[PDB]
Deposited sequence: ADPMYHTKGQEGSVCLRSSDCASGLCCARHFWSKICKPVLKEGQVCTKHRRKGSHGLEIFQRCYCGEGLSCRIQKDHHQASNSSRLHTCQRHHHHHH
């Protein structure tokens, strides 16, 4: 299955710890985020449609919260 950097179409095309995120105008397999790692937080709904540098979601048992301004993957 798809490794990091590999061209993908759906997250299912990628390996265990990876997701299919868009980079520029195609999608490649990117790693899921781990605790402490910076995650994406969109202000406007539209900014999601415009994003061409897409991060993956936060890993199992991690939530994208604000630091105590960036957002990092933190445990519930």
Worksheet item: What ranges of the deposited sequence, counted from 1, have no C-alpha atoms in this structure?
Response: 1-7, 76-84, 93-97
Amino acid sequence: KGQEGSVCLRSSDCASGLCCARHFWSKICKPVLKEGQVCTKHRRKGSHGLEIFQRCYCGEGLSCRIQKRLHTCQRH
From here on, numbers count along this sequence of modelled residues.
Worksheet item: 13-21 versus 53-61: which one carries the higher mean Cα B factor per the record?
Response: 13-21
Worksheet entry | Record-listed C-alpha B factor of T72: chain third | lowest
